[PDB]
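Within every chain, numbering begins at 1; the chains are lettered A, B, ... in the order of the sequence lines, protein sequences first and strands thereafter. Quick note: numbers below take in every heavy atom, side chains included, and nothing from hydrogens, waters or symmetry partners.
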Amino acid sequence: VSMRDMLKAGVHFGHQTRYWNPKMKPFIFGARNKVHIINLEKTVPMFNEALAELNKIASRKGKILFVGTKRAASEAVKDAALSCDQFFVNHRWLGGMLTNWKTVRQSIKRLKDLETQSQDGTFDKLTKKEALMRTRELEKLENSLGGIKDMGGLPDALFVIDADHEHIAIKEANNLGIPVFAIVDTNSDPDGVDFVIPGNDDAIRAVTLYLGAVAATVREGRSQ
Amino acid sequence: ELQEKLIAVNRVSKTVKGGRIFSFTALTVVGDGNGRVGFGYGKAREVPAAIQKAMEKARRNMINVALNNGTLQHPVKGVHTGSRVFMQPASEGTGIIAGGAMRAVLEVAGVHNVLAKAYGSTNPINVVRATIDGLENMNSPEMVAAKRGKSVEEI
Amino acid sequence: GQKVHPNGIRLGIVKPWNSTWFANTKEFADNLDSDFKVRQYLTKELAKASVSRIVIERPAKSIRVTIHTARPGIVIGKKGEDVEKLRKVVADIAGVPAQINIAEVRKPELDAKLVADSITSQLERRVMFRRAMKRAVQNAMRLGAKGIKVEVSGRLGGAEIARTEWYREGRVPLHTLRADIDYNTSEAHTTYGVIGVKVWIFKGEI
RNA sequence: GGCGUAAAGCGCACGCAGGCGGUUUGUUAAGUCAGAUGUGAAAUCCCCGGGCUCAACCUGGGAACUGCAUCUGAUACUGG
RNA sequence: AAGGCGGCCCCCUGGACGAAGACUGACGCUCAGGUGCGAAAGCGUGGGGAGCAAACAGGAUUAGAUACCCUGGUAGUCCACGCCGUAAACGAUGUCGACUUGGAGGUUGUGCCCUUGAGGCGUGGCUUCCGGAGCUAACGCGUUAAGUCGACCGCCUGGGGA
RNA sequence: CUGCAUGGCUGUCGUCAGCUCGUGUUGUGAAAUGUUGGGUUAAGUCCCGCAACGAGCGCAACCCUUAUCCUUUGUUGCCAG
Ligand SMILES: [K+]
Ligand SMILES: [K+]
Ligand SMILES: [K+]
Ligand SMILES: [K+]
Ligand SMILES: [K+]
Ligand SMILES: [K+]
Ligand SMILES: [K+]
Ligand SMILES: [K+]
Ligand SMILES: [K+]
Ligand SMILES: [K+]
Ligand SMILES: [K+]
Ligand SMILES: [Mg+2]
Ligand SMILES: [Mg+2]
Ligand SMILES: [Mg+2]
Ligand SMILES: [Mg+2]
Ligand SMILES: [Mg+2]
Ligand SMILES: [Mg+2]
Ligand SMILES: [Mg+2]
Ligand SMILES: [Mg+2]
Ligand SMILES: [Mg+2]
Ligand SMILES: [Mg+2]
Ligand SMILES: [Mg+2]
Ligand SMILES: [Mg+2]
Ligand SMILES: [Mg+2]
Ligand SMILES: [Mg+2]
Ligand SMILES: [Mg+2]
Ligand SMILES: [Mg+2]
Ligand SMILES: [Mg+2]
Ligand SMILES: [Mg+2]
Ligand SMILES: [Mg+2]
Ligand SMILES: [Mg+2]
Ligand SMILES: [Mg+2]
Ligand SMILES: [Mg+2]
Ligand SMILES: [Mg+2]
Ligand SMILES: [Mg+2]
Ligand SMILES: [Mg+2]
Ligand SMILES: [Mg+2]
Ligand SMILES: [Mg+2]
Ligand SMILES: [Mg+2]
Ligand SMILES: [Mg+2]
């Protein structure tokens, strides 16, 4: 990844200069149309640095958890997550996924048990009552934590999209001591993130390139 | 491995339609005796469950302090809501001269000789807060020499 | 509010009776009271033998009493003089001849009668009620019980003001009639008065 | 140590006495600092010792008495 | 400056702000005692008196109703000149000066840009609402600080009595 | 004699829809959240959303009786041919 793919993907476009956060004044090139312009020569080396340490974490066999729950970017994140043998959170982030792992591991046990009885159990004991509810509750479980069903334990890194929409997960990771990799748009604050990457987050092509490159680099992490 | 001290147990209440509902709160501290300290606060309907909650809370929540063979490096001041705390290193053989809530914190910290004094509120919770915050902001000479970029005699 | 007796509300649904004889209204009352006398005996002379249930059954003109017990060796004794010294007096009380059988309860920690007796025996030994209650609950729950709750009441620890203190664990759906609910009661006579103990144990539905 | 609400900002202003005073150079040496001299009685307190069988107690030498006055220097800061 | 100030016109008169310069050269800040100004009610003398309205009278309501409600109604409210010197006289926040991330407005100047409009880019004064750090017992305050500091002044020391 | 020393049993608000806990998180703390919000229900009933995620006692169902039909048996009950 270098400069011009990031321009034509629209990495430089920020939010309006009404809704800016002061702490990211250093990553702001200027303003046109009263729109912040993100600085790109600041983005390239810190992105590369994030990618490097992600690689190293990957080949020491680290579990990585992609986080993006925007309606316009979460299918790209499922795409990228299982394209590179990692884990993802695409629907609502349950407040307490990491700090309260002891309790949500029973939710994933429930998910696993009622999926093994789903169709390689093949009971179809209907009761008059229970297709409508058992199937819908598997749906309810696997859409919100079906991406975390194989993690087993606490992850090794957080990849974040739009740190402000994802403040709960970030603060959880900061308490638990897990590294945070976040794309930081001009309105979010970067202080919970230990590897900052300023870029656009609302457009789908910026997000596509981000997770394409990161999925790649962790695929060749597991390559070693 | 870690030393544990029970500092305070309090009975608190909460009114409902039926009447009053009583609960117990326990404030404890734990330390390794060589510069690591944590404080824990627990609540439960019964006292031993409250104490166990506070100990569990305090085995996490543990900070590092840089001691000088059993005493502070310099006089320090800590502050929390109502509590002001002044601690000062002493010579060998003085013991821990401190109030009731400071004494447990400094005992389980591994400190052996200080002169301390509490001003303002002596609410045990806030006093423990202030003593911890005054210990953590205390700096060793090598970190001062690292700050200033010169490792002169004063170490 | 006041609750229904959880064994009485389940008679004929999932819980059986403790007496299975038939009688017209001619001999019903005397059958009943001689059953009361035999039960009072087989309560009070097998006191420390850990008896949980006494099932009385009356064929045509004679009785058979089945004693459920946790410690069958003492109610069967040393080669068996003791069921003899019991039936020789139960046939004495009920006027008809008698037969005695002895059934074993294999897990005495999953029976409300034995757990209640245990807690009252400890309470009469001057033991702190909290320890009795919590040990009963943890012993019952570590052996596969789906739920338990114990409740003690009345001048706990010699206080002047009586109190009711209960401890629950697991699942006790007293409103479900399918529920396998084993309930029993006991009373401890201490130097400050009577202390009541109630024990509910839930083992499963249907 | 405090003064929005716990006690506590004069109803507001002008202004004498008083307190305080941007920046540069020179000068002075009042404040300040250094040294020295005289004095600060003895006893008491403190240190190192010595005598009562020990201790209290008594006693030798020192230190201290944070002060004042005078003389000689220093000139960064305050004052003229 | 505070108390306060509201049709329009004229006369006399205080302050503030801005632009580009010129001039003096520390002439500054605060201020015990002192002096001045200071809502409404009230007081003195002389006028004026529509409306409103303490006191007062009557009618109701009510157990009673020296009140709330209704019908009347005097001082006062208005003017001139004196006195009084108090208010939840409040931002319950003394004056002056310096420093410390932001956002949206109001009002009043001024500079530049195709002045192309009721356009865009700057720079001063005053002012309103959010809110970051920090502070606070909390509530909250938050470049108009209750943040970080300096100079001077006023005041407080448990509740009643007071 | 003392229900104002107690056990057991009962009335009552009230068959009203509520009352709590574990872990997590927020607050110096009592505490809060969950349990609030938009709909819906007889119902904390259910669905969405949500710093909460789950669980327990309650609600509902399981029990008895009444309302329709079928199978079996047929006296002491029944009488169509
Ligand atoms: K004018
Ligand atoms: K004055
Ligand atoms: K009138
Ligand atoms: K009345
Ligand atoms: K008049
Ligand atoms: K006002
Ligand atoms: K609070
Ligand atoms: K003043
Ligand atoms: K007094
Ligand atoms: K009773
Ligand atoms: K909780
Ligand atoms: Mg004070
Ligand atoms: Mg007041
Ligand atoms: Mg006050
Ligand atoms: Mg004022
Ligand atoms: Mg005054
Ligand atoms: Mg003056
Ligand atoms: Mg003066
Ligand atoms: Mg000067
Ligand atoms: Mg002067
Ligand atoms: Mg001099
Ligand atoms: Mg000697
Ligand atoms: Mg000078
Ligand atoms: Mg007037
Ligand atoms: Mg007048
Ligand atoms: Mg007049
Ligand atoms: Mg009137
Ligand atoms: Mg008068
Ligand atoms: Mg006048
Ligand atoms: Mg006054
Ligand atoms: Mg006013
Ligand atoms: Mg005042
Ligand atoms: Mg102010
Ligand atoms: Mg002035
Ligand atoms: Mg604010
Ligand atoms: Mg007084
Ligand atoms: Mg509730
Ligand atoms: Mg709530
Ligand atoms: Mg429910
Ligand atoms: Mg909810």
Side-chain angles (χ1 to χ4, degrees), chain A residues 16-25 34 92-110 129 133 136 140 144-145 167-169 171-172 175-176 187 189 191, chain B residues 10-18 21 23 25 27 39 41 43-45 49 53 56 79-84 119-121 123-130 133, chain C residues 1-3 5 9-14 120 147 149 152-156 158-164 166 168-179 185-190 192-198 200 202 205-206:
Chain A
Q16 324 158 22
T17 65
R18 256 201 38 170
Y19 299 69
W20 84 283
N21 198 326
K23 293 176 176 169
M24 275 162 327
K25 214 205 91 154
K34 275 75 69 178
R92 172 178 84 96
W93 171 275
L94 294 204
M97 221 81 90
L98 308 189
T99 63
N100 202 8
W101 185 250
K102 166 174 74 176
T103 301
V104 202
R105 81 146 168 281
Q106 286 91 40
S107 176
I108 69 190
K109 271 183 163 65
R110 177 74 179 159
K129 303 283 99 168
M133 269 42 162
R136 191 60 199 257
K140 182 76 184 174
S144 195
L145 51 82
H167 56 289
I168 294 165
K171 195 173 286 181
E172 218 163 333
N175 260 0
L176 280 194
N187 58 27
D189 70 292
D191 314 70
Chain B
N10 195 8
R11 196 179 80 155
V12 292
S13 179
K14 164 202 203 300
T15 318
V16 295
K17 183 166 172 43
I21 301 263
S23 169
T25 78
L27 173 71
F39 68 94
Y41 186 61
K43 304 169 53 57
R45 207 113 172 201
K53 280 195 197 175
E56 183 178 356
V79 312
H80 194 259
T81 54
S83 177
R84 263 137 290 130
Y119 304 112
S121 184
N123 195 34
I125 308 184
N126 294 298
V127 164
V128 173
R129 299 296 270 256
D133 290 331
Chain C
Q2 291 75 264
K3 274 126 190 93
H5 195 290
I9 202 65
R10 294 175 174 84
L11 288 168
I13 305 170
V14 296
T120 78
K149 170 238 298 153
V152 304
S153 81
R155 278 175 74 92
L156 304 165
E160 211 80 62
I161 296 263
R163 275 181 302 112
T164 182
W166 60 280
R168 191 266 302 158
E169 175 110 323
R171 179 129 91 251
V172 283
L174 268 60
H175 273 58
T176 303
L177 287 59
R178 267 138 74 200
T185 165
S186 190
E187 277 61 81
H189 300 273
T190 68
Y192 312 145
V194 188
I195 297 172
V197 183
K198 299 176 185 174
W200 296 259
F202 169 67
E205 269 181 52
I206 206 182

Exercise for the section: Using whole Å, report how far CD1 of C:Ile9 lies from P of F:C63. Expected result: 13 Å
Handout entry: Nucleotides E:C37 and D:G11 paired (Watson-Crick or wobble, under 3.5 Å)
Key = yes
Handout entry: Spacing between A:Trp101 atom CH2 and F:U23 atom P, to the nearest angstrom
Key = 19 Å
Handout entry: Any C:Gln2 side-chain nitrogen or oxygen under 4.0 Å from OP1 or OP2 of F:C9
Key = no
Problem - Mate of E:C126 where both pairing distances stay under 3.5 Å, Watson-Crick or G-U - result: E:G106
Problem - First of C:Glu205 and C:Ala162 reached from the 5' end of RNA chain F, by closest nucleotide - result: C:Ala162
Problem - A:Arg110 atom CZ: more than 12 heavy-atom contacts under 6.0 Å - result: no
Problem - G-U wobble or Watson-Crick pair formed by E:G76 and E:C52 (both under 3.5 Å) - result: yes
Handout entry: Side-chain N,O (A:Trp20) to OP1/OP2 (E:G102) below 4.0 Å
Key = no
Handout entry: Closest to the C:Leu174 side chain, choosing from F:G56, F:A61, F:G58
Key = F:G58
Practice task
Assign A:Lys109 to base, sugar-phosphate, or nothing according to its heavy-atom contacts below 4.0 angstrom with the strands shown.
Solution key: nothing
Exercise for the section: Supply the atom-to-atom distance A:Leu176 CG to A:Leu98 CG, rounded to the nearest 0.5 angstrom. Expected result: 6.0 Å
Exercise for the section: Please verify, for F:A52 and F:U23, whether Watson-Crick or G-U wobble pairing holds with both distances under 3.5 Å? Expected result: yes
Exercise for the section: Can you figure out which of F:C53, F:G56, F:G7 approaches the side chain of A:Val104 most closely? Expected result: F:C53
Handout entry: Distance in angstrom units between C:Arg155 CZ and F:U6 P, rounded
Key = 7 Å
Fill in the blank from the handout: Here F:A17, assessed by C1'-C2'-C3'-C4' with north positive and south negative, has its sugar south
Practice task
For C:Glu169 and F:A55, give me the distance from atom CD to atom P, rounded to whole Å.
Solution key: 16 Å
Practice task
Return the nucleotide paired to E:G82: Watson-Crick means purine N1 to pyrimidine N3 with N6-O4 or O6-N4, wobble means G-U with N1-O2 and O6-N3, both under 3.5 Å.
Solution key: E:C43
Practice task
Report which part of the nucleic acid A:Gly95 touches: base, sugar-phosphate, or nothing (heavy-atom distance under 4.0 Å, all strands).
Solution key: base
Exercise for the section: For F:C16, take OP1 and OP2 only and decide whether either is under 4.0 Å from a side-chain N or O of B:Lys17. Expected result: no
Practice task
Mind telling me the pucker class of E:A146, north or south, from the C1'-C2'-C3'-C4' torsion?
Solution key: south
Fill in the blank from the handout: Rounded to whole Å, CD of C:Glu160 lies from P of F:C4 at a distance of 14 Å
Handout entry: Minimum-distance nucleotide (side-chain atoms of A:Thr99 versus F:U25, F:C53, F:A31)
Key = F:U25
Fill in the blank from the handout: Once the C1'-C2'-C3'-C4' torsion sign is read, positive north and negative south, the sugar of D:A42 turns out north
Exercise for the section: Would you tell me if any nitrogen or oxygen in the side chain of A:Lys102 comes within less than 4.0 Å of OP1 or OP2 on F:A55? Expected result: no
Exercise for the section: Answer yes or no: does a side-chain N or O of C:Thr185 lie under 4.0 Å from OP1 or OP2 of F:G7? Expected result: no
Practice task
Sort out the partner of F:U71 for me: Watson-Crick or G-U wobble, both distances under 3.5 Å, none otherwise.
Solution key: none
Exercise for the section: Check whether the six-membered base rings of F:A42 and F:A43 have centres under 5.5 Å apart and planes under 30 degrees from each other. Expected result: yes
Handout entry: Pairing between D:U24 and D:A30, Watson-Crick or G-U, 3.5 angstrom cut-off on both
Key = no
Exercise for the section: Provide the distance between the two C1' atoms, one in E:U13 and one in E:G48, to the nearest whole Å. Expected result: 30 Å
Problem - More than 12 heavy atoms of other groups within 6.0 Å of C:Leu174 CG - result: yes
Exercise for the section: Kindly check if the number of other-residue, nucleotide or ligand heavy atoms within 6.0 Å of NZ (A:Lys171) is above 12? Expected result: no
Exercise for the section: Look through every strand shown and name the nucleotide pairing with D:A69 as Watson-Crick or G-U wobble, where both distances are under 3.5 Å. Expected result: D:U37
Completion exercise
When rounded to whole Å, the CG to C1' distance for the pair B:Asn123 and E:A138 reads 15 Å
Exercise for the section: Would you check if E:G159 and E:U115 are a Watson-Crick or G-U wobble pair, both distances kept under 3.5 Å? Expected result: no
Exercise for the section: Flag the pair B:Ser121 / B:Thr81 as yes when at least one side-chain heavy-atom distance between them is below 4.5 Å, and no otherwise. Expected result: no
Practice task
Could you check if D:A13 and E:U35 make a Watson-Crick or G-U wobble pair, where both distances must be under 3.5 Å?
Solution key: yes
Handout entry: Whether over 12 other heavy atoms sit under 6.0 Å from C:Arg171 CZ
Key = no
Handout entry: is_pair(E:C112, E:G28) Watson-Crick or wobble, both dists under 3.5 angstrom
Key = no
Problem - Under 3.5 Å on both distances, the Watson-Crick or G-U partner of F:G49 - result: none
Completion exercise
As its Watson-Crick or G-U partner within any shown strand, both distances under 3.5 Å, D:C45 has none
Problem - Whole-Å distance separating the CG atom of A:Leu145 from the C1' atom of F:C53 - result: 10 Å
Practice task
Indicate whether OP1 or OP2 belonging to F:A30 is found under 4.0 Å from a side-chain N or O atom of B:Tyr41.
Solution key: yes
Exercise for the section: Rounded to the nearest 0.5 Å, what's the gap from OH on C:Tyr192 to CD on C:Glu160? Could you check? Expected result: 10.0 Å
Problem - Under 4.0 angstrom between C:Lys198 side-chain N/O and F:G7 OP1 or OP2 - result: no
Handout entry: Atom pair CE/OG1 of A:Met97 and A:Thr103 - distance to nearest 0.5 Å
Key = 12.5 Å
Exercise for the section: Give a yes or no on whether the neighbouring nucleotides F:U45 and F:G44 have stacked bases (ring centres less than 5.5 Å apart, plane angle less than 30°). Expected result: no
Exercise for the section: Categorise the sugar of E:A19 by the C1'-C2'-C3'-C4' dihedral sign as either north or south. Expected result: north
Handout entry: Gap between atoms CG and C1', on A:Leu94 and F:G34 respectively (whole Å)
Key = 13 Å
Exercise for the section: Determine, with a yes or no, whether E:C114 stacks on E:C113 under the 5.5 Å centre and 30 degree plane limits. Expected result: no
Completion exercise
pair_partner(F:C19), Watson-Crick or wobble, both distances < 3.5 Å, evaluates to F:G56
Exercise for the section: With both distances required to be under 3.5 Å, indicate if E:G119 and E:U144 make a Watson-Crick or G-U pair. Expected result: no
Handout entry: Nucleotide nearest A:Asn100 (side chain, heavy atoms from C-beta), chosen from F:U26, F:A52, E:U101
Key = F:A52
Practice task
Tell me, please, if E:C141 and E:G134 meet the Watson-Crick or G-U wobble pairing rule with both distances under 3.5 Å?
Solution key: yes
Practice task
Classify the side chain of B:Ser121 versus the base of E:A137 as yes if they form a donor-acceptor pair under 3.5 Å and no if they do not.
Solution key: no
Practice task
Taking only the side-chain nitrogens and oxygens of C:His175, find out if one of them lies under 4.0 Å from OP1 or OP2 of F:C59.
Solution key: yes
Fill in the blank from the handout: Classified through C1'-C2'-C3'-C4' with positive north and negative south, D:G4 counts as north
Handout entry: Pairing nucleotide - E:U66, Watson-Crick or G-U, each distance under 3.5 Å
Key = none
Practice task
Please confirm if E:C56 pairs with E:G72, counting Watson-Crick and G-U wobble geometry and requiring both distances below 3.5 Å.
Solution key: yes
